[PDB]
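As structure tokens, the structure follows; a few thoughts come after it.
Numbered from 1 within each chain, the chains take letters A, B, ... in sequence-line order.
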Amino acid sequence: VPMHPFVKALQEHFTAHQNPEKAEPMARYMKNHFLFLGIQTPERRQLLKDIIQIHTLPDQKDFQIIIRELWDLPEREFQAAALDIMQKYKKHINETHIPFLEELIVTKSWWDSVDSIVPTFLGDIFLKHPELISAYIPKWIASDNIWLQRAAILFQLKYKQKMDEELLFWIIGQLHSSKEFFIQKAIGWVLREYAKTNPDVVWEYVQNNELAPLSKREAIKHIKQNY
DNA sequence: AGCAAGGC
DNA sequence: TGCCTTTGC
Ligand SMILES: COc1c(O)c2c(c3cc(C(=O)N4CCc5c4c(O)c(OC)c4[nH]c(C(=O)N6C[C@@H](Cn7cnc(N)c8ncnc7-8)c7c6cc(O)c6[nH]cc(C)c76)cc54)[nH]c13)CCN2C(N)=O
Ligand SMILES: [Ca+2]
Ligand SMILES: [Ca+2]
């Protein structure tokens, strides 16, 4: 049972606004891994602010506590709300939080949570602390947890000109032989995105290094006309 | 705004 | 394969 007053309040307010007809297609979209209340993102964020303005954003001492309690509730809107709350504490998230973010990645895992945790929060941490990459990324690749492997691929997604090209291509080479849908997809995604910045090096990489066909097609889909 | 980014 | 729905840029 949740015991933090903010979480109890958010649970009551969200639950009061559930829509079972809406919850069904929302849950099916996430392959029925999760129950849903049936609250889509615009309403969900207004209902969150309803609770924040009563209680005030909780002291930062509680932020992990609050996110963990929301992560433990069954309906997916509580994890989506938890991510919205993390965005409000961005300032206080730093390298000491990497293990916490790891736990979130591997608990109630799916693309909707992992893709929100990794490029923003881990991306920012490793930009400030790039000497720490080697303590996490190799371990994530070797874990055969597909969401930590996707995290290794995607933490640089939004780096643009900050991209560590040699590291990106090494990570991709370690994972190119994965059968996994979400790994083949992530490789295609990061290569297509980085090609917006550095197309020539993505072209050369894809022409000289093995990739699954889905990944290769995605990587080059907006630059192949130039070569 | 109106363009862009899983599901099937 | 490429269009759909919802969410993000
Ligand atoms: C080529 O360059 C670009 C441009 O060039 C250019 C623009 C852009 C903008 C981008 C660009 O990139 N954006 C934009 C859109 C987006 C990015 C992005 O980064 C992301 O990652 C950080 C994005 N993450 C998501 C995402 O989380 N989604 C989305 C949704 C799931 N969904 C639905 N329908 C689809 N078709 C999907 N496809 C993949 N997911 C899909 C969904 C979630 C999350 C959830 O919890 C969901 N719960 C239920 C649903 C349905 C659901 C969206 C997203 N790039 C651009 C704007 C103008 N412009 C111009 N003028 O030129
Ligand atoms: Ca392996
Ligand atoms: Ca797609």
Side-chain angles (χ1 to χ4, degrees), chain A residues 10 14 17-50 52 70 75-90 93 101 104-124 127 145-163 168 172 175 178-199 202 206 211-226:
Chain A
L10 198 73
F14 280 20
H17 291 81
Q18 68 185 311
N19 183 326
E21 177 178 359
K22 192 61 245 196
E24 169 171 331
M26 289 179 80
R28 177 164 180 94
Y29 187 63
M30 302 307 184
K31 301 301 302 188
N32 290 108
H33 290 301
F34 316 106
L35 303 178
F36 272 78
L37 290 174
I39 305 169
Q40 296 191 136
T41 290
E43 178 180 15
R44 194 194 69 243
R45 289 181 174 149
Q46 181 154 346
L47 291 174
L48 172 57
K49 185 178 161 166
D50 287 348
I52 297 172
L70 291 167
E75 292 88 5
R76 193 54 161 178
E77 290 92 342
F78 292 116
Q79 289 96 63
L83 296 175
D84 290 342
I85 294 167
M86 296 193 66
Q87 164 58 23
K88 299 171 178 295
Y89 288 90
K90 250 228 277 282
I93 294 172
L101 299 171
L104 301 186
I105 288 165
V106 301
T107 305
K108 302 199 168 173
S109 310
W110 203 237
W111 61 264
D112 60 321
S113 54
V114 174
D115 292 357
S116 178
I117 294 162
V118 164
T120 58
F121 295 98
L122 286 170
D124 284 351
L127 278 180
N145 178 291
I146 64 173
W147 304 105
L148 293 172
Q149 297 177 325
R150 184 157 166 124
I153 294 164
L154 293 182
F155 82 94
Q156 302 195 92
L157 176 67
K158 292 301 166 59
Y159 280 12
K160 300 177 32 170
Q161 72 286 347
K162 296 167 181 164
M163 182 68 79
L168 178 68
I172 288 172
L175 290 167
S178 176
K179 75 191 188 298
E180 295 284 342
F181 176 83
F182 285 112
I183 300 302
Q184 293 187 9
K185 282 287 178 176
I187 293 173
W189 181 16
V190 79
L191 286 175
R192 194 192 69 238
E193 188 79 11
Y194 186 45
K196 299 165 69 183
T197 297
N198 211 352
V202 172
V206 167
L211 293 171
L214 174 83
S215 305
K216 180 170 187 188
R217 185 175 53 251
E218 197 59 24
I220 69 174
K221 84 184 273 183
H222 297 305
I223 64 172
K224 58 186 169 73
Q225 71 281 2
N226 304 327

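Residues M26(A) and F34(A) have side chains not in contact (no heavy-atom distance under 4.5 Å, counting atoms from C-beta outward).
Residue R217(A) is classed as having no contact, given no heavy-atom separation below 4.0 Å to the nucleic acid.
Atoms CG (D115(A)) and P (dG7(B)) sit 11 Å apart, rounded to a whole Å. In this structure, CG of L214(A) is placed 15 Å from P of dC8(B), rounded to the nearest angstrom. Counting to the nearest Å, the P atom of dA4(B) and the CD atom of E218(A) are 14 Å from each other. To the nearest angstrom, P of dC8(B) lies 12 Å from CE of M30(A). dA5(B) atom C1' lies 10 Å from atom NZ of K221(A), rounded to whole Å.
Put simply, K31(A) has no side-chain N or O that comes within less than 4.0 Å of OP1 or OP2 on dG6(B).
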B/S/- contact track for nucleotides 2-9 of chain C, protein heavy atom under 4.0 Å
----SSS-
DNA chain B base-pair string [pairs: Watson-Crick or G-U under 3.5 Å; |: paired with another strand]:
.|||||||
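In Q18(A), the CD atom is crowded: over 12 heavy atoms of neighbouring residues, nucleotides or ligands sit closer than 6.0 Å. Atom CD of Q225(A) has more than 12 neighbouring heavy atoms from other residues, nucleotides or ligands inside a 6.0 Å radius.
Between the side chains of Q46(A) and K49(A), no donor N or O sits under 3.5 Å from an acceptor N or O.
Between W147(A) and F182(A), the ring planes are tilted. Angles from 30° to 60° get that label.
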